[PDB]
Amino acid sequence: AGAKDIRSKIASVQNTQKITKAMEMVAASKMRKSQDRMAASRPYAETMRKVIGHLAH
Amino acid sequence: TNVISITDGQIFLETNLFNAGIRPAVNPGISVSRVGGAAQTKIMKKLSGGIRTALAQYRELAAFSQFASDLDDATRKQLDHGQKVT
Amino acid sequence: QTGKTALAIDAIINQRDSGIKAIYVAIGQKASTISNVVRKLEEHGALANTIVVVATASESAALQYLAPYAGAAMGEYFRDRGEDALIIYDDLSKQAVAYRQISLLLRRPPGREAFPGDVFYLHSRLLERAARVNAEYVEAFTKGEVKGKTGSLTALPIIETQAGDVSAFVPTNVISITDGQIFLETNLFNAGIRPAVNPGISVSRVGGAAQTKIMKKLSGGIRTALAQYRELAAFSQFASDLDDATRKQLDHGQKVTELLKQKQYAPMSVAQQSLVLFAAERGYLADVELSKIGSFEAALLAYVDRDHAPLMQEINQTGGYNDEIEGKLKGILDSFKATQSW
Amino acid sequence: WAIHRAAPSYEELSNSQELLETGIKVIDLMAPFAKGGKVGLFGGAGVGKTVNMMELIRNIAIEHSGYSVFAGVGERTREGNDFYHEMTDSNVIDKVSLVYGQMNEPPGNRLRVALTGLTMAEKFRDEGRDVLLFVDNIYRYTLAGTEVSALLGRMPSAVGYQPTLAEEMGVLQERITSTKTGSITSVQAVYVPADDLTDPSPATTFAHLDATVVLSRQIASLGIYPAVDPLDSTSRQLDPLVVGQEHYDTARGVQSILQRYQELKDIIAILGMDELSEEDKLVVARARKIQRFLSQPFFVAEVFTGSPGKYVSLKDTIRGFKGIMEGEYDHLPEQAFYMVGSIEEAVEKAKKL
Amino acid sequence: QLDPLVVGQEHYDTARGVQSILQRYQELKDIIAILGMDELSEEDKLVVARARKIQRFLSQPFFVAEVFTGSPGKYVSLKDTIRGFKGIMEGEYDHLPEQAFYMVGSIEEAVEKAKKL
Amino acid sequence: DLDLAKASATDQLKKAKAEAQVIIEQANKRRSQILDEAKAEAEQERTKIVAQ
Amino acid sequence: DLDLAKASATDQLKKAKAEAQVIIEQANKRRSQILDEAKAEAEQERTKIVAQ
Ligand SMILES: Nc1ncnc2c1ncn2[C@@H]1O[C@H](COP(=O)(O)OP(=O)(O)OP(=O)(O)O)[C@@H](O)[C@H]1O
Ligand SMILES: Nc1ncnc2c1ncn2[C@@H]1O[C@H](COP(=O)(O)OP(=O)(O)O)[C@@H](O)[C@H]1O
Ligand SMILES: [Mg+2]
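Line order of the protein sequences matches chains G, A, B, D, E, Y and X.
Residue 1 is where the first sequence starts when you use the entry's author numbering, and the numbers rise one by one after that.
Residue 343 is where the second sequence starts when you use the entry's author numbering, and the numbers rise one by one after that.
Residue 172 is where the third sequence starts when you use the entry's author numbering, and the numbers rise one by one after that.
Residue 107 is where the fourth sequence starts when you use the entry's author numbering, and the numbers rise one by one after that.
Residue 343 is where the fifth sequence starts when you use the entry's author numbering, and the numbers rise one by one after that.
Residue 53 is where the sixth sequence starts when you use the entry's author numbering, and the numbers rise one by one after that.
Residue 53 is where the seventh sequence starts when you use the entry's author numbering, and the numbers rise one by one after that.
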């Protein structure tokens, strides 16, 4: 404790807060790309299940 | 804080900028002139307007720099310009 | 700007009929505000039961410093004759500043936050006169002209504190002189929870001995349940772990806080308060929406004003809680919940 | 007249609580002035402080019959010179008196200038007018009182301020009131040391302020003028008991819409507009219309915009924001509301926009 | 007087165990404040769960506080309290909830209160 | 079962049209209570203001 | 048959409940208006009495 070091803590925590805001913005964008890659994975499995259904049922 | 009350502005010189090799270490956004464009010549008044906004956008997108910018584009162009003027 | 004055003048106004004389001491306040307060006291008819003592912000610091001591001396007249009085000191922090000015102009060596050490003695000797006295003191004082009565002077000092800091010097001096504190929080006030009372800090050292039996019984743990509900909400904001009883604890606490807010200048009698507390803690607000809580009370207090009025007149006379009265209250709330709409 | 007097006595104060109709939509809605109140302008230079001051001087001289006094307590001589030229080249100069305490004068000069302005405003009040007193920095009055007290050698107090700090503020601020003959309203620029609202100078001043207007660099960046911030500007005249329930509900309404819009604008920043429901899109639309409609053209600003200035009565602002909030005028575009005037003028702008 | 020779080793060792856990919980509060608890280590979560139970088990009803709590008061003998704290630190109660430890005289009363939830 | 069901559907269709009315009836009564209490409080207030 | 019948009958009960709030909303609106009128007359009466 001591206002010159307290002011040092405040600057350190402020810098930390900016970077976490940046990580929130990036995580939202990566979520979008990975949910587009998710939809592209559906058609292969869907048609393969229809063929398996045709033989099995 | 007395002399900041008396004068028309300040050029604020930062030691972390000096250590980073920004020399002269003028720190924009906390250094300002209250006279502004009236002092400048027309050509400098015309051209300097963009630099102030460009450097401010660089300050915002500086957080996205170290952690990678691979996740954005238009900003990667704004960041690229901002670093090159800096 | 947290409602300190509003709470104190609404206390004054509710003694308008209760036989307690009132005194309001304005120290360092704006004269416009003082004239507006007096005009609001007169608008509600309380003015005929109050003394008002004024020292405006324009007046010499000595007049401010002696302002609350003058007010105390008038309040002591009623106490020593075996009557009851209530005294408000509108800012003891402004008295301390005025005494600090006079003390420093006399070059007296300052202490913590530049107040003199005499600043405890200043507020101590003032507030320690707000007392209740036994009948032998009243008899001996009045030379036997009054027998067997006991007088009292009740004091509500106000302290304004910077940024909510309850740990600054003068706030902590007065917290150590009084019998409790009501702490008003700007975060609640800005959220529209008004009056913005913060439980857990607030306390009354005297305790229930100040309540009527019915209020004592119906209130009970409501304080600590609200303090815990506020703490649970803090962690519940942070992660999801909802285990049903947490869900019902959160619903109950949110309905109680929505039930405890109240409008300025709308005091409600002990019969009305005891119905409201009965309805909250006997569970009747089950099936009732938060947006309906204010409607639910307004309809309930009109329902009991219309039909079961004689009980209200009984509970307001003697604040007695019996199984007979609990049964009547149960029938009133059962019938209202079942039969009426809001 | 002598500069030194006592404040009005208890029987002289006005037995009523009137409002001042400034004519500015943001102020009269969001931060209404009591007649005879104190207002604090909590913004830095760059933002239109002086043009707002000149607009108030104009409206109170034209649309009422008031005069103004300006007290430059501790002003830079340069800004004193070109404030005089900006008032003379805008025809407001004949309706204001100027007393200037330039910083190069000894401390006793700067302290007493504040009282010289106040005694001139007391004369115009005694003639029966309603008067505006502008104090160019109330912090510089406080600091002039500290410097003089230190020269006189009195023991310091608090954070090194004079021991008489609260008295000297009270001696100024209590003369500025509404009496039974007229009133002095005051608009005071405030500087907060170290950005610290707990420091004795802010803490003493805020006991006296009734309204609080914040000016924003961001709102100016949007091009919205006047650059008042609707969410941090406040007035303790916003209660139903003094301002009435329609005005209170409308001001509370636009505050809620603008606050909700700020949260939605963060959601849009991280996740785009696709996340918004129809209710959210309606809230965002009305919020943009409300934001546009807080702009106004001043008779002082005609030099730049070229549009004629407008004075808007309080009723017309209440009609306008009532309309936009409850979804009337949803059928005409947001740029019809910008810089226009009344809401009746907004629709007539829209018809060919 | 808190010495092995004066109070015996079991008391001394239980008191130093309580301090060691509660200090370690203070060392975790800054990371818990910034990042919350899910980023703690899997036994750091266990320390925090024991420390919060210890904090609540230090609380006690007083016979002079019936005017305030209304709850009946409790007297706890030395042998009974050190057994309770030792048992929490060994984790024999690590399946009760925190609220069970609040305002209870003895550990028995905590397991009984956990039966009442 | 077609004759039972067509009648029972008509019985049901009847029933909602009734019960909609008794809600709207009860609501108009509750209105009338709210407004008459509005007249009562309006008078009670005026008796205070004249004494002021 | 109960298909169209239940849907159209239950919908109108949902409408009647929504309309029940409409009725009670108007009653509270007029209560406010009635309150303004009574208060304004009471203050006007006081204004004339004081002037006299
Ligand atoms: N029950 C209430 N509900 C809503 N608003 C209230 C209530 N009580 C008070 N207020 C509002 O609080 C504001 C401040 O009131 P008041 O001046 O009493 O607070 P204060 O903290 O005493 O102020 P100050 O600190 O200036 O003396 C006013 O707008 C008043 O209308
Ligand atoms: N209503 C308005 N219309 C056009 N420009 C405005 C308006 N209000 C403010 N400005 C601009 O804001 C800037 C700063 O205003 P100014 O009064 O000089 O602030 P300050 O004097 O505090 O620096 C100027 O460019 C001024 O033209
Ligand atoms: Mg107050």
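Where a beta carbon is used, it is the ideal one built from N, C-alpha and C, also for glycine.
Min CB distance residue i to chain G below 8 angstroms
{"i": "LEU224(D)", "result": "no"}
{"i": "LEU377(D)", "result": "yes"}
{"i": "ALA405(A)", "result": "yes"}
beta-carbon residue i near ligand 3 non-hydrogen atom, thresh 7 angstroms
{"i": "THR252(D)", "result": "no"}
{"i": "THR176(B)", "result": "yes"}
Neighbour flag for residue i against chain B, beta carbons, 8 angstroms
{"i": "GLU71(Y)", "result": "no"}
{"i": "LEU119(D)", "result": "yes"}
{"i": "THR270(D)", "result": "yes"}
{"i": "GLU89(Y)", "result": "yes"}
Interface flag, residue i vs chain A, CB-CB below 8 angstroms
{"i": "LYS21(G)", "result": "yes"}
Rounded Cβ spacing between residue i and residue j (contact assumed at less than 8 angstroms)
{"i": "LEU337(D)", "j": "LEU303(D)", "result": "Not a contact, Cβ separation roughly 17 angstroms."}
{"i": "residue 62(D)", "j": "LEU204(D)", "result": "This structure cannot settle anything about residue 62(D), because the visible part of chain D is limited to 107 through 459."}
{"i": "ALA333(D)", "j": "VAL198(D)", "result": "That pair is no contact at about 20 angstroms."}
{"i": "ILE330(D)", "j": "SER401(D)", "result": "5 angstroms"}
{"i": "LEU421(A)", "j": "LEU403(A)", "result": "5 angstroms"}
{"i": "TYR236(B)", "j": "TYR270(B)", "result": "5 angstroms"}
{"i": "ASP316(D)", "j": "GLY143(D)", "result": "4 angstroms"}
Per-residue contacts from residue i into chain D (C-beta, under 7 angstroms)
{"i": "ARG376(A)", "result": "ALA151"}
{"i": "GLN333(B)", "result": "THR304 and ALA309"}
Any C-beta of chain Y under 8 angstroms from that of residue i
{"i": "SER512(B)", "result": "yes"}
Closer than 8 angstroms at the beta carbon, the chain G residues around residue i
{"i": "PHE409(A)", "result": "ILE19, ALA22, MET23 and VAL26"}
Proximity test, Cβ basis, 8 angstroms: residue i and chain D
{"i": "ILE348(A)", "result": "yes"}
{"i": "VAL459(B)", "result": "no"}
{"i": "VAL268(B)", "result": "yes"}
{"i": "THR357(B)", "result": "no"}
{"i": "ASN207(B)", "result": "yes"}
{"i": "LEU237(B)", "result": "no"}
Under 8 angstroms by beta carbon: chain B residues contacting residue i
{"i": "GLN104(Y)", "result": "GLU213, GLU214 and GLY216"}
Residue i: contacting residues in chain Y (beta-carbon distance under 9 angstroms)
{"i": "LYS58(X)", "result": "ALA61, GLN64, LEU65 and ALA68"}
Listed by chain order, chain E residues near residue i by CB distance under 8 angstroms
{"i": "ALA473(B)", "result": "Simply none; closest approach about 33 angstroms."}
{"i": "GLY391(B)", "result": "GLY412"}
Chain-ordered chain B contacts of residue i [CB-CB under 7 angstroms]
{"i": "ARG82(Y)", "result": "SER512"}
Residue i Cβ short of 7 angstroms to ligand 2 heavy atom set
{"i": "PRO332(D)", "result": "yes"}
{"i": "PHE404(D)", "result": "yes"}
{"i": "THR173(B)", "result": "no"}
{"i": "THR423(D)", "result": "no"}
According to DSSP, residues forming a beta bridge with residue i
{"i": "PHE139(D)", "result": "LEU126(D)"}
{"i": "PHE240(D)", "result": "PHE176(D) and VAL293(D)"}
{"i": "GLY351(A)", "result": "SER375(A)"}
{"i": "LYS192(B)", "result": "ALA256(B)"}
{"i": "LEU413(B)", "result": "Bridge partners of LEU413(B): none, in fact."}
{"i": "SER60(X)", "result": "Answer is none; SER60(X) lacks a bridge partner."}
{"i": "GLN200(B)", "result": "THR227(B)"}
{"i": "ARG49(G)", "result": "DSSP, once it has assigned bridges, lists no residue as partnering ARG49(G)."}
C-beta neighbour in chain E for residue i, strict 8 angstroms
{"i": "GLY242(B)", "result": "no"}
Under 9 angstroms from the C-beta of residue i: neighbouring residues of chain A
{"i": "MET209(D)", "result": "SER347 and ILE348"}
Closer than 8 angstroms at the beta carbon, the chain A residues around residue i
{"i": "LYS9(G)", "result": "None at all; the shortest Cβ gap to chain A is about 17 angstroms."}
{"i": "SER29(G)", "result": "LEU413 and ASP414"}
Residue i: CB within 7 angstroms of a non-hydrogen atom of ligand 1
{"i": "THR411(E)", "result": "no"}
{"i": "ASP345(D)", "result": "yes"}
{"i": "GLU331(B)", "result": "yes"}
{"i": "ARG342(D)", "result": "yes"}
Chain X residues whose Cβ lies nearer than 7 angstroms to that of residue i
{"i": "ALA79(Y)", "result": "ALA72, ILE75 and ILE76"}
{"i": "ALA92(Y)", "result": "Ordered by position in chain X, no residue passes the 7 angstroms Cβ test against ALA92(Y), which lies about 11 angstroms from the chain."}
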